[PDB]
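Per chain, numbering begins at 1; letters A, B, ... match sequence-line order. As a basis for the values below, the full set of heavy atoms in this structure was taken, side chains included, without hydrogen atoms, waters or symmetry mates.
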Number of protein chains: 2
Amino acid sequence: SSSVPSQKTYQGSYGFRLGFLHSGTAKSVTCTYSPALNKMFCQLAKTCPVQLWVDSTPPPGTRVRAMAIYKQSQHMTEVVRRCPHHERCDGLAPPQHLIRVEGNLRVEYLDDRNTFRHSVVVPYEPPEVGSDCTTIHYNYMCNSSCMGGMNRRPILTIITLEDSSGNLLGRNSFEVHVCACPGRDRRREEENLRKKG
Amino acid sequence: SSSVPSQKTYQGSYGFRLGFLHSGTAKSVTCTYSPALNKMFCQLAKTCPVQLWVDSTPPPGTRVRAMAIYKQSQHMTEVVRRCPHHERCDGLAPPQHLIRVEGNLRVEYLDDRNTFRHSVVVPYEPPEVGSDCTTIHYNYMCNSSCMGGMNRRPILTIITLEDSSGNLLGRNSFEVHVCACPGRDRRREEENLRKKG
DNA sequence: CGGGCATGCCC
DNA sequence: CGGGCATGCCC
Ligand SMILES: [Zn+2]
Ligand SMILES: [Zn+2]
């Protein structure tokens, strides 16, 4: 078992928050976000855009880290890993990592030598002029249902904004359900919330 | 892809056939056999008794081999293997083999150097006096549904009676569905046969 | 594309 | 134990 990183929202002195794109209505849309549930529903190994918004400009050398943790108390201490099947199936990501970043030449994949937890880090880049946010494309390389991996257990993705010195500048999180039919599953979960939540 | 061993029934000069035990009615009975479907429904890593019946006594040194093949034409050439998850989960069986034999001190596990197919072999032993058959206890170490293994594809188990020289004395086969609820699944499949087969 | 099934497992 | 759900995928 491994010590558990904080998932406590900390928007901090830079006013850090996440944003997500609206999606179509398809049963099998590739990625769709539920504001009511703060939960992303997406397909495995498909683009998941996450926007970074800040009110104040982070210092040069700021980094953006993503890490998965199991949401439920009883699974929090277990490291989130790729299942053995998909592990055995891009040149930089270790096969065991669940979360990848696409289209970034400065991506780093880390394995914590104490907690054994995986994370993926890219440099923070400010928005282009006239733009309000910066977008990172994440991929999740297993379904939430994968036998021997997540095994139908919900996870959070924790996004931390960190300075080059390691100071925590901001932290936000969202739940993720990686699945074959993100539209179906989002709509059922939202209905279940309203009907019996 | 690998060449495909025969599944053609050959009861042969010794009158070789298989027998199976009757089971209870439970939804999750450990092992149950459908004569109408020539199909065993069983749970993973649980005892599956198979009886060997002969009309004439096989010669000394006769062996009994079990091997799995995919039943459907489109999958026949693929070697049946343990899924990566269960492979990574008795002292003699290689982790990759689907079929094991329990309670036999002369069991051999083989990996064919040409076809790459797995088989498990035990000596043939004649029934005790007053007994009509000899029983072997097999185990299947994945569910039929296992991602990265059988993946919901049906298999046959082929049992061959072979002399010590390698001559084929007899061959029989039965379909297998390894699953959580053998009673449920047998009853549904038998109903489907009657209703729309 | 959206309807619908099989199947491990609910806690 | 038997009812029933979530979820990958039907070919
Ligand atoms: Zn997986
Ligand atoms: Zn398996």
Short side-chain N/O contact to D:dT7 OP1/OP2 from A:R188, under 4.0 Å: yes

Exercise: do B:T157 and B:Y140 side chains pair donor with acceptor under 3.5 Å: yes

Side-chain donor-acceptor pair present, A:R152, A:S145, cut-off under 3.5 Å: no

Distance, rounded to the nearest Å, where A:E189 contributes CD and D:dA6 contributes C1': 10 Å

Single-linkage hydrophobic cluster, 4.5 Å side-chain cutoff, A:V178 and A:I158 together: no

Report, one pair per line, the protein and nucleotides 8-11 of chain D atoms (nitrogen or oxygen only) whose separation is under 3.5 Å.
from: D:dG8; atom 1: OP1; to: A:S145; atom 2: OG; distance (Å): 2.6
from: D:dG8; atom 1: OP2; to: A:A180; atom 2: N; distance (Å): 2.8
from: D:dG8; atom 1: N7; to: A:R184; atom 2: NH2; distance (Å): 3.0
from: D:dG8; atom 1: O6; to: A:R184; atom 2: NH1; distance (Å): 2.9

Between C1' of C:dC1 and CD of A:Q43, the distance in whole Å: 13 Å

A:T47-A:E102 side chain donor-acceptor pair, cut-off 3.5 Å: yes

Interatomic distance, B:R186 CZ vs C:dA6 P [rounded to whole Å]: 18 Å

Between A:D111 and A:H97, a side-chain donor and acceptor under 3.5 Å: yes

D:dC9 - base-pair partner by Watson-Crick or wobble geometry, distances under 3.5 Å: C:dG4

Distance, rounded to the nearest Å, where A:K196 contributes NZ and D:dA6 contributes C1': 11 Å

Short N-O contact, B:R17 and B:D55, less than 4.0 angstrom: yes

Atom-pair distance (CZ on A:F41; P on D:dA6), nearest Å: 12 Å

